[PDB]
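The next block holds one structure in the form of structure tokens; read it before the comments.
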Ligand SMILES: O=C(O)c1ccc(NC(=O)[C@@H]2[C@@H](c3ccccc3)CCN2C(=O)/C=C/c2cc(Cl)ccc2-n2cnnn2)cc1
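Numbering (the UniProt record's numbering), first residue to last: 388 to 625.
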């Protein structure tokens, strides 16, 4: 996260850190708990991931330093990538991780509500992007989970800023015209959480942008409301 501050413990209890084991253990992506055996993340996170066996999901983490060989994690049973997904910039950047065991909800880890299909018309004024990503384009993964409040941008405005791209209604953009606050390397897959009527909703999934926090370059997120049916299809299969 660029231009963000340290989170307080338990502030974003749906936020997870997805680690890869191969070649060595390190943070790969962010993700969100949406169900007791479900993580919602970005499909691009799994470029070169040939098996779920190399993945470990950590919940209830504030600092990456809490993660050692003795730290409990959830194994991944299945990686479900949207079947229209080609690349982040083309859209359909969404994936589900089905966990091998059930998440026990508590004050440190609990799910985030999906947006309501009825809330396609709401104007979110309180949105936050969180992650352990870089603070600038040439940096390193951060120890403490960072947060940054970002304003949502209309599709029309975002399209003006991404000449040469097609910004679809399945994408949602966020950022300040002057830049300064945004997601960056290592934040992808994580949530864009918006508070509406005192309830937090998973409005976006950190996906892509041209650089980090640049002037007139908003961050591009998967527009979760447009994927509620796909999420229910995959999580509620008979
Ligand atoms: O340990 C590390 O050094 C370490 C180093 C980088 C990453 N991750 C990343 O760069 C991941 C990449 C990835 C992850 C997994 C598999 C394959 C591809 C794809 C891009 N990406 C982001 O995080 C996207 C960032 C991004 C998002 C928004 Cl909304 C705005 C601006 C952004 N940026 C523009 N230019 N940079 N950030 C993770 C870890």
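Every residue gets a Cβ at the ideal spot worked out from N, C-alpha and C, and that includes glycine.
* Using alpha carbons as the reference points, say which of 445, 464, 463 lies closest to residue 457. => Along the chain shown, one-based indexing puts residue 457 at 70. Considering only alpha carbons, the answer is 445.
* Asked: Who are the near neighbours of residue 536 in its chain, counting only those whose CB is closer than 8 Å to its CB and skipping five residues on each side?
  -> Counting from one through the chain shown, the residue named residue 536 turns up at place 149. These residues qualify, in order along the chain: 513, 514, 515, 568.
* **Buried or exposed by the 16-neighbour rule on C-beta atoms within 10 Å, applied to residue 438** => The residue labelled residue 438 in the question sits at position 51 within the chain shown. Residue 438 is exposed by the Cβ-count criterion.
* Does the count of Cβ pairs from the region 467-485 and the region 546-564 closer than 8 Å reach three? -> yes
* To do: Could you tell me whether the Cβ atoms of residue 614 and residue 561 are closer together than 9 Å?
  => Mapped onto the chain shown, residue 614 falls at position 227. Mapped onto the chain shown, residue 561 falls at position 174. No, the pair does not count as a contact, with Cβ atoms beyond the cut-off.
* Count the other CB atoms, across all protein chains shown, that sit within 10 Å of the CB of residue 393; report buried if there are 16 or more and exposed otherwise. => Here residue 393 corresponds to residue number 6 of the chain shown, with the count starting at 1. Looking at its Cβ environment, which holds fewer than 16 other Cβ atoms inside 10 Å, residue 393 is exposed.
* For residue 419, the residue or residues it bridges with in DSSP -> Taking the chain shown and counting its residues from 1, one reaches residue 419 at position 32. 402, 427.
* Own chain, CB closer than 7 Å to residue 449, minus 5 neighbours either side, in chain order -> To locate residue 449, count along the chain shown from 1; it is residue 62. Within the same chain, residue 449 has close Cβ partners 394, 396, 531, 532.
* Reducing DSSP to helix, strand and coil, say where residue 622 ends up. => Mapped onto the chain shown, residue 622 falls at position 235. Looking at residue 622 - three-state DSSP - the assignment turns out to be helix.
* Asked: Is residue 575 near ligand 1, in the sense that its beta carbon is under 8 Å from a heavy atom of that ligand?
  -> The residue you call residue 575 lines up with position 188 of the chain shown. Within the cutoff, so yes.
* For residue 599, which residues of its own chain have a beta-carbon under 8 Å away from its beta-carbon, when the five flanking residues on both sides are left out? -> Locating residue 599 in the chain shown gives position 212, counting from the first residue. Only 389, 521, 523, 524, 569, 570, 571, 572 meet the Cβ criterion.
* CA-to-CA distance, residue 543 to residue 455, given in whole angstroms -> Walking along the chain shown from the start, residue 455 turns up at place 68. Walking along the chain shown from the start, residue 543 turns up at place 156. Residue 455 and residue 543: Cα-Cα distance of roughly 45 Å.
* Under a three-way DSSP split, which group does residue 413 fall into? -> If you number the chain shown from 1, residue 413 lands on position 26. DSSP places residue 413 in strand when its eight states are reduced to three.
* **Outcome for residue 434 when other beta-carbon atoms lying within 10 angstroms are tallied against a minimum of 16** => For the purposes of this step, residue 434 is identified with residue 47 of the chain shown, where counting begins at 1. Label assigned to residue 434: exposed.
* To do: Compute the Euclidean distance between the alpha carbons of residue 502 and residue 472, then round it to the nearest angstrom.
  => As a working mapping, residue 502 is identified with position 115 in the chain shown. As a working mapping, residue 472 is identified with position 85 in the chain shown. If you take the alpha carbons of residue 502 and residue 472, they lie about 21 Å apart.
* Do you know whose CA, among 413, 507, 475, 429, lies nearest residue 592's CA? -> Counting from one through the chain shown, the residue named residue 592 turns up at place 205. Of the listed residues, the one whose Cα sits closest to residue 592 is 429.
* Grab me the residues of residue 443's own chain with a C-beta within less than 6 Å of its C-beta, minus the 5 sequence neighbours each way, in chain order. => If you number the chain shown from 1, residue 443 lands on position 56. The answer, listed in chain order, is 406, 460.
* DSSP three-state call for residue 450: helix, strand or coil? -> Mapped onto the chain shown, residue 450 falls at position 63. Strand.
* Identity of the residue in 583, 498, 411 nearest residue 508 by Cα -> Sequence index remark: in the chain shown, residue 508 carries index 121 (1-based). Of 583, 498, 411, the residue nearest in Cα terms is 583.
* Measuring CA to CA, which of 470, 499, 494, 528 is closest to residue 415? -> Looking up residue 415 in the chain shown gives position 28. Comparing Cα-Cα distances from residue 415 to each of 470, 499, 494, 528, the minimum goes to 528.
* Using three-state DSSP, classify residue 506 as helix, strand or coil. => Taking the chain shown and counting its residues from 1, the one referred to as residue 506 is at position 119. If DSSP states are grouped into helix, strand and coil, residue 506 belongs with the helices.
* If you measure from the CB of residue 418, is any heavy atom of ligand 1 nearer than 8 Å? -> In the chain shown, residue 418 corresponds to position 31, counting from 1. Outside the cutoff, so no.
* **Distance cut-off 8 Å: residue 593 Cβ against heavy atoms of ligand 1** => The count along the chain shown starts at 1 and reaches residue 593 at position 206. Yes; taking the cut-off as 8 Å, the Cβ of residue 593 has a heavy atom of ligand 1 nearer than that.
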